[PDB]
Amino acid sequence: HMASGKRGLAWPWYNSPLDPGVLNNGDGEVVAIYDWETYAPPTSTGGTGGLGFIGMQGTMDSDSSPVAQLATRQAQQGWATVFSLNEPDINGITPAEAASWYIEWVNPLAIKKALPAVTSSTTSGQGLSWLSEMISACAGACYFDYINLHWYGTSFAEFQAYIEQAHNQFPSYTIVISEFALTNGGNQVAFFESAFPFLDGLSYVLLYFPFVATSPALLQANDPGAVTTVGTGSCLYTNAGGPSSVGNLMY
(Lines of atoms letter the chains of each structure in order from A and count residues from 1; the text may use other names and numbers.)
(Lines give C-alpha, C1' and ligand atoms only; values in the text may rest on other atoms or scores of the structure.)
Protein backbone atom coordinates (compact mmCIF):
# COMPACT_ATOMS: atom_id res chain seq x y z
CA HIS A 1 0.00 0.00 0.00
CA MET A 2 3.15 2.23 0.03
CA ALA A 3 6.44 1.36 -1.80
CA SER A 4 9.76 1.08 0.16
CA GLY A 5 11.12 3.34 -2.67
CA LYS A 6 14.80 2.22 -2.48
CA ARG A 7 15.40 0.83 -6.03
CA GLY A 8 17.64 2.51 -8.64
CA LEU A 9 18.94 1.91 -12.19
CA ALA A 10 22.74 1.47 -12.58
CA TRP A 11 22.58 2.88 -16.13
CA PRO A 12 25.64 2.50 -18.43
CA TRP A 13 26.90 5.18 -20.91
CA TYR A 14 26.07 2.78 -23.84
CA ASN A 15 22.27 2.64 -23.05
CA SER A 16 21.17 5.17 -25.79
CA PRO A 17 18.78 2.48 -27.23
CA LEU A 18 17.07 1.74 -23.84
CA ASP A 19 14.24 3.50 -21.93
CA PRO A 20 14.49 3.81 -18.10
CA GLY A 21 10.67 4.39 -18.04
CA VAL A 22 10.18 0.67 -18.95
CA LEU A 23 11.33 -0.19 -15.35
CA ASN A 24 9.26 2.65 -13.73
CA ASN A 25 5.57 1.54 -13.37
CA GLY A 26 4.84 4.67 -11.23
CA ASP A 27 4.24 2.58 -8.02
CA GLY A 28 7.31 4.24 -6.38
CA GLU A 29 9.69 1.25 -5.80
CA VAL A 30 12.16 2.56 -8.49
CA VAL A 31 13.15 6.20 -7.69
CA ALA A 32 16.80 6.77 -8.77
CA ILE A 33 19.25 6.44 -11.72
CA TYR A 34 23.05 6.96 -11.98
CA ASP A 35 25.37 6.37 -14.99
CA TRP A 36 28.89 6.46 -13.33
CA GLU A 37 29.29 9.98 -14.91
CA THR A 38 28.27 13.65 -14.37
CA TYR A 39 26.46 13.90 -17.79
CA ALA A 40 22.77 12.83 -18.02
CA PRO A 41 21.82 9.17 -18.68
CA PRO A 42 22.01 8.41 -22.44
CA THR A 43 18.48 7.04 -23.20
CA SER A 44 16.08 6.39 -26.15
CA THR A 45 13.81 9.29 -24.90
CA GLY A 46 16.49 11.83 -23.79
CA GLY A 47 14.74 11.67 -20.35
CA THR A 48 15.09 9.46 -17.21
CA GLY A 49 11.55 7.94 -17.19
CA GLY A 50 10.57 9.95 -14.05
CA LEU A 51 13.68 8.81 -12.05
CA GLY A 52 15.90 11.23 -10.06
CA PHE A 53 19.42 11.34 -11.60
CA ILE A 54 22.40 11.12 -9.17
CA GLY A 55 25.56 12.67 -10.71
CA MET A 56 28.77 10.68 -10.12
CA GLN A 57 32.43 11.80 -10.14
CA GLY A 58 33.64 8.17 -10.41
CA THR A 59 37.23 9.14 -11.43
CA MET A 60 39.44 11.93 -9.98
CA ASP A 61 39.19 13.55 -13.48
CA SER A 62 38.25 12.28 -16.99
CA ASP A 63 37.41 13.55 -20.51
CA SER A 64 33.78 12.32 -19.96
CA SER A 65 33.45 13.71 -16.35
CA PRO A 66 35.94 16.62 -16.09
CA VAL A 67 36.18 17.37 -12.31
CA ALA A 68 36.53 21.12 -13.22
CA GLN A 69 32.88 20.80 -14.53
CA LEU A 70 31.51 18.82 -11.49
CA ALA A 71 30.02 21.91 -9.71
CA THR A 72 28.77 23.29 -13.10
CA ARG A 73 26.96 20.02 -14.01
CA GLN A 74 25.31 19.73 -10.54
CA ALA A 75 23.97 23.34 -10.93
CA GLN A 76 22.85 22.79 -14.59
CA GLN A 77 21.05 19.47 -13.78
CA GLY A 78 19.92 20.09 -10.14
CA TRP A 79 20.98 16.71 -8.63
CA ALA A 80 19.74 16.23 -5.01
CA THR A 81 22.55 13.63 -4.48
CA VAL A 82 26.11 13.13 -5.83
CA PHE A 83 28.30 9.96 -5.78
CA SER A 84 32.15 10.09 -5.69
CA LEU A 85 35.02 7.71 -6.70
CA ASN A 86 34.25 4.18 -8.04
CA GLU A 87 36.23 1.50 -6.09
CA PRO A 88 39.30 3.64 -5.20
CA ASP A 89 40.20 0.83 -2.70
CA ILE A 90 41.36 -1.38 -5.68
CA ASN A 91 42.54 1.49 -8.01
CA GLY A 92 45.77 2.57 -6.20
CA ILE A 93 44.22 5.70 -4.58
CA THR A 94 45.34 6.01 -0.90
CA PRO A 95 42.70 6.93 1.72
CA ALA A 96 44.68 10.21 2.28
CA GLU A 97 44.66 11.02 -1.51
CA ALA A 98 40.87 10.30 -1.70
CA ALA A 99 40.19 12.48 1.42
CA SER A 100 42.19 15.47 0.00
CA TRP A 101 40.49 15.10 -3.44
CA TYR A 102 36.97 14.72 -1.87
CA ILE A 103 37.45 17.88 0.31
CA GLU A 104 38.62 19.93 -2.76
CA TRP A 105 36.00 18.72 -5.33
CA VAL A 106 32.94 17.04 -3.65
CA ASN A 107 32.64 19.06 -0.35
CA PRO A 108 31.66 22.27 -2.29
CA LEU A 109 28.44 20.63 -3.70
CA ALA A 110 25.79 21.79 -1.13
CA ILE A 111 23.59 18.67 -1.68
CA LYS A 112 23.52 15.07 -0.29
CA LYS A 113 26.92 13.33 -0.83
CA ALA A 114 28.18 9.70 -0.74
CA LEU A 115 31.77 8.72 0.15
CA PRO A 116 33.42 6.59 -2.58
CA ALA A 117 31.89 3.18 -3.48
CA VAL A 118 34.25 0.53 -1.97
CA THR A 119 34.45 -3.17 -3.00
CA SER A 120 33.45 -6.05 -0.63
CA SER A 121 37.19 -7.09 -0.43
CA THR A 122 38.57 -7.93 3.08
CA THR A 123 42.17 -8.19 1.69
CA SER A 124 44.68 -5.81 3.42
CA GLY A 125 43.93 -2.07 2.82
CA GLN A 126 40.74 -2.66 0.69
CA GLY A 127 36.92 -2.48 1.15
CA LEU A 128 35.54 -1.25 4.53
CA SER A 129 39.15 -1.02 5.96
CA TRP A 130 40.02 1.46 3.14
CA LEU A 131 36.75 3.38 3.87
CA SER A 132 37.48 3.57 7.66
CA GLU A 133 41.01 4.88 6.84
CA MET A 134 39.58 7.50 4.39
CA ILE A 135 37.13 8.76 7.10
CA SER A 136 40.13 8.98 9.54
CA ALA A 137 42.21 10.84 6.85
CA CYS A 138 39.20 13.23 6.36
CA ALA A 139 39.92 14.34 10.00
CA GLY A 140 36.30 15.62 10.38
CA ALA A 141 36.69 17.88 7.26
CA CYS A 142 34.73 15.68 4.74
CA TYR A 143 31.00 16.54 4.41
CA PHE A 144 29.08 13.30 3.61
CA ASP A 145 25.59 11.79 4.21
CA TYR A 146 26.07 8.18 2.95
CA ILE A 147 28.63 5.40 2.66
CA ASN A 148 28.56 3.55 -0.68
CA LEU A 149 29.00 -0.26 -1.00
CA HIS A 150 29.58 -2.68 -3.89
CA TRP A 151 29.03 -6.44 -3.39
CA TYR A 152 29.68 -9.38 -5.73
CA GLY A 153 29.67 -12.91 -4.28
CA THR A 154 28.18 -16.40 -4.60
CA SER A 155 25.14 -16.51 -2.20
CA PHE A 156 22.35 -14.45 -0.59
CA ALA A 157 23.70 -15.74 2.79
CA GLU A 158 27.12 -14.11 2.00
CA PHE A 159 25.38 -10.84 0.87
CA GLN A 160 23.13 -10.66 4.00
CA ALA A 161 26.22 -11.26 6.24
CA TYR A 162 28.18 -8.52 4.34
CA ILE A 163 25.41 -5.84 4.67
CA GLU A 164 24.78 -6.79 8.37
CA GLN A 165 28.60 -6.64 8.99
CA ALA A 166 28.87 -3.24 7.16
CA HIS A 167 26.00 -1.90 9.36
CA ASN A 168 27.51 -3.40 12.59
CA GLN A 169 30.92 -1.80 11.72
CA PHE A 170 29.41 1.61 10.64
CA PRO A 171 26.21 1.72 12.77
CA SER A 172 25.75 5.56 12.51
CA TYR A 173 25.95 5.77 8.64
CA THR A 174 23.18 5.45 6.02
CA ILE A 175 24.17 3.03 3.19
CA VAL A 176 23.77 3.23 -0.61
CA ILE A 177 24.44 -0.07 -2.47
CA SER A 178 25.42 1.30 -5.94
CA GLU A 179 26.27 -2.16 -7.46
CA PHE A 180 25.43 -5.74 -6.41
CA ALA A 181 24.92 -9.14 -8.10
CA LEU A 182 26.15 -12.75 -7.86
CA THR A 183 29.40 -13.58 -9.72
CA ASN A 184 29.04 -15.86 -12.81
CA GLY A 185 27.47 -19.36 -12.49
CA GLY A 186 24.62 -18.71 -9.99
CA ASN A 187 20.85 -18.05 -10.22
CA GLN A 188 20.65 -14.19 -10.24
CA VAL A 189 16.77 -14.23 -10.21
CA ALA A 190 16.70 -16.30 -6.95
CA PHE A 191 19.40 -13.98 -5.42
CA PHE A 192 17.45 -10.73 -6.13
CA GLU A 193 14.13 -12.41 -5.07
CA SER A 194 15.82 -12.82 -1.60
CA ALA A 195 17.86 -9.55 -1.62
CA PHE A 196 15.03 -7.06 -2.50
CA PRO A 197 12.70 -7.83 0.49
CA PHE A 198 15.79 -8.06 2.81
CA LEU A 199 17.09 -4.58 1.74
CA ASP A 200 13.52 -3.09 1.62
CA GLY A 201 13.23 -3.86 5.40
CA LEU A 202 16.55 -2.13 6.40
CA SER A 203 15.97 1.50 7.61
CA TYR A 204 19.74 2.24 7.16
CA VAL A 205 19.74 1.30 3.39
CA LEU A 206 18.66 4.48 1.47
CA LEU A 207 19.08 3.11 -2.10
CA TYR A 208 20.14 -0.12 -3.84
CA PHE A 209 21.08 -0.50 -7.54
CA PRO A 210 21.35 -4.04 -8.97
CA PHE A 211 24.25 -4.46 -11.41
CA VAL A 212 23.13 -3.81 -14.12
CA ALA A 213 20.27 -1.86 -15.86
CA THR A 214 21.22 -2.89 -19.46
CA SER A 215 20.69 -5.81 -21.93
CA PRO A 216 23.01 -8.85 -22.29
CA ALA A 217 23.87 -7.74 -25.90
CA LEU A 218 24.95 -4.23 -24.73
CA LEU A 219 26.88 -5.60 -21.67
CA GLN A 220 28.74 -8.14 -23.91
CA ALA A 221 29.54 -5.45 -26.58
CA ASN A 222 30.70 -2.72 -24.11
CA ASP A 223 31.80 -4.47 -20.84
CA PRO A 224 33.45 -7.85 -21.60
CA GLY A 225 35.16 -7.44 -18.16
CA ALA A 226 31.80 -7.47 -16.30
CA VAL A 227 30.61 -10.49 -18.42
CA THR A 228 33.73 -12.55 -17.38
CA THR A 229 33.15 -11.82 -13.62
CA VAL A 230 29.30 -11.44 -13.33
CA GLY A 231 27.91 -13.07 -16.53
CA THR A 232 24.68 -11.73 -18.15
CA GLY A 233 22.19 -13.21 -15.59
CA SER A 234 21.72 -9.87 -13.71
CA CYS A 235 20.87 -7.69 -16.79
CA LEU A 236 17.52 -5.90 -16.05
CA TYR A 237 16.62 -5.59 -19.80
CA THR A 238 15.99 -8.08 -22.64
CA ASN A 239 17.93 -7.44 -25.91
CA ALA A 240 14.64 -5.85 -27.25
CA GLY A 241 14.60 -3.35 -24.30
CA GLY A 242 11.78 -4.95 -22.25
CA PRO A 243 12.11 -6.12 -18.62
CA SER A 244 14.16 -9.35 -18.09
CA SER A 245 13.24 -11.90 -15.34
CA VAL A 246 15.42 -9.69 -13.02
CA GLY A 247 13.91 -6.45 -14.48
CA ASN A 248 10.42 -7.81 -13.54
CA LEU A 249 11.54 -7.90 -9.82
CA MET A 250 12.06 -4.07 -9.94
CA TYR A 251 8.25 -3.39 -10.22
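Residues carry their position along the shown sequence, with the first being 1. Rigid core: the largest C-alpha set superposing within 1.5 Å between the two forms.
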message: Quick check: by Cα RMS after rigid core superposition, does 119 to 127 or 159 to 167 differ more from this form in 4 other deposited structures of this protein?
response: 119 to 127
query: Hey, which bit's got the bigger mean C-alpha B factor in the entry, 162 to 170 or 122 to 130?
result: 122 to 130
- request: Tell me which of 1 to 9 and 242 to 250 has the higher mean C-alpha B-factor in the deposited entry.
  value: 1 to 9
task: Could you tell me which one of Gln188, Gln57, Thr48, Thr214 shows the highest CA temperature factor in the PDB record?
output: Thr48
field: Deposited CA B-factor, highest of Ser178, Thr154, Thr81, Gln74
entry: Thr154
statement: Of the three thirds of Cα B-factor ranks in this chain, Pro210 occupies the lowest
message: Ranking every modelled residue in this chain by its Cα temperature factor as given in the entry, which third contains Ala226?
response: highest
message: Per the entry's values, where does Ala117 land by CA temperature factor relative to the rest of its chain, in the lowest, middle or highest third?
response: lowest
Position of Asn86 among the chain's modelled residues by C-alpha B-factor, lowest, middle or highest third: lowest
- prompt: Of the three thirds of its chain by CA temperature factor, lowest, middle or highest, which one includes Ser136?
  reply: highest
